[PDB]
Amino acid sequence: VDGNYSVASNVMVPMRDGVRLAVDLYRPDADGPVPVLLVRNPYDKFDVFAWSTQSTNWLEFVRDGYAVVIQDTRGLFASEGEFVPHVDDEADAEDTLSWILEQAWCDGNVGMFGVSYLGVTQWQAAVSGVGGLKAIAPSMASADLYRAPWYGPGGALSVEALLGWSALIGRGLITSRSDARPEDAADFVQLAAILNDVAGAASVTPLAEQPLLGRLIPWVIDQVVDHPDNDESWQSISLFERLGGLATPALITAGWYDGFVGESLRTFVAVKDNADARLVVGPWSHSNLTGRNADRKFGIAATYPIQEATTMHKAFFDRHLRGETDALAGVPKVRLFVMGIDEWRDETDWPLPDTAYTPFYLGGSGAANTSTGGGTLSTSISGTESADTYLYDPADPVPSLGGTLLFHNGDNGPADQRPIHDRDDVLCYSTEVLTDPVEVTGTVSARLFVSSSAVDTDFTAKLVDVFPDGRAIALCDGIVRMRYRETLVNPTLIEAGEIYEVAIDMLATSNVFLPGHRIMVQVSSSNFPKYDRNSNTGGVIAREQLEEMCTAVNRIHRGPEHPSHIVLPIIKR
């Protein structure tokens, strides 16, 4: 019977080493074999409601004749073995796909879908080159775990992401108990304590002393905290460089305020020439898909459109798993939620055709410190050689507000920046009030001429839409840790007082700055706990005591010989 299905729980699938992973099978009532969709989940395959609302109404896939297989990753819940993030997922996916392909009910066509870790695991599956894998649909994911979510292109530790997620995994383990241990109850509450105060947990020095998290999940220190360089431990789990050689269609979803946005978008660029790649990007953060934020509402059209996503995924899989050549007729290649106008828009490519990568130069009379300073932005090179200076003190970092925060207040991406506007270490540069709309849609970066009293420090840049009613809404941001200014692999220190030209990768956005608004850029040297604080010493940051850290006198240089600027991807249509 069309539309009917059955569910078999805890089918045990042997891996190459004989460890058995548990799966649930959702199989249509069908005469013969069917196309199959695989989901690889570290958050309990039984708990479908917790992730699916961020993905698709996938029971529709089953009612329409696909089988769906949901798997507990190694070492968690009903699965055997030992859990360590990322390291086993290439091999376990390969072995799982091989098993699926062998079954009576599989017709030789497999796809995958899912969000976050359920998205990352799809890139790890894709690189095995198993012929039966015909398509993936990674949502809010990354193919390079150093670049997202654990560090970033600027080489700073994403400390709130790490502690937040580790506490979540830890709480899952205390749930996914052999048998309840005496310490379980207390551990559970203490993990809650981290989740209730992520900046507080990230504030302890040395950062690398984690007696609760490092005990429950040694990987937190052993892999992440201990490897600040993008070294071979990172490069062993990175898929990115293998993506260029694949020919696997990918339906890629991202969010403008999602921790993974930079890396999600980069995977689209990496696969689009070799296979049918699709891109959808909404104004969401990782835990807030609603379109509603404390000080910014995008409208009900911005709410994660779960049914439309379901229809699109089905069209995508119908094309690639069922040979329906016309299934994606009229489906755009790229679909973006353009903020400001707050509308969904179809595009033919990402980056957009006719992107004008336009410098807006940092300028102004007198100090740019605070929102009431003299800092300006202009498409004209600044006429005189100035410099703005501030003191960056690790004991008082600029607090994170919105952006791509994951666990520490990660539900307010377009946050109003006014609470940090009166701070002396936040340099502000804004345009005149606009009389014509300016659409900025694309990747964003800054080039700054900088100097420090210290042998290492950070520089941050944050793009902001200043509204007429006073709201100063965060759009995108990034950081450069100075030791990593040229390379994330082979860092070197800087000379005090020497001027450097550095690049700041500020990820991507889509916003129309409307008449009446200003384009604003904040420059500082911290953004905590989104990123861990630079000690200003050149030492091993995570091993340092706060008391041992230094303040730094940091300087932004601007003028005709040091044309510091933000590069904005300008669209005129």
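Position 1 is the first residue in the sequence shown; the rest follow in order.
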**Asked** If you average the Cα B factors in the entry, which is higher, 177-185 or 444-452?
**Response** 177-185
**Asked** According to the deposited model, is the average Cα temperature factor higher in 335-343 or in 362-370?
**Response** 362-370
**Asked** Based on the PDB record, which member of 138, 262, 351, 497 exhibits the highest Cα temperature factor?
**Response** 497
**Item:** Options 299, 211, 413, 282 - largest CA temperature factor per the record
**Value:** 211
**Prompt:** residue 529: which third of its chain by C-alpha temperature factor?
**Reply:** lowest
**Asked** Comparing residue 545 with the other modelled residues of its chain, is its CA B-factor in the lowest, middle or highest third?
**Response** highest
**Ranked against its chain, the third holding the CA B-factor of residue 477** = lowest
**Message:** Taking only the Cα B-factors deposited for this chain, tell me whether residue 318 sits in the lowest, middle or highest third.
**Reply:** middle
**Message:** Which third, lowest, middle or highest, does the C-alpha temperature factor of residue 385 belong to within its own chain?
**Reply:** highest
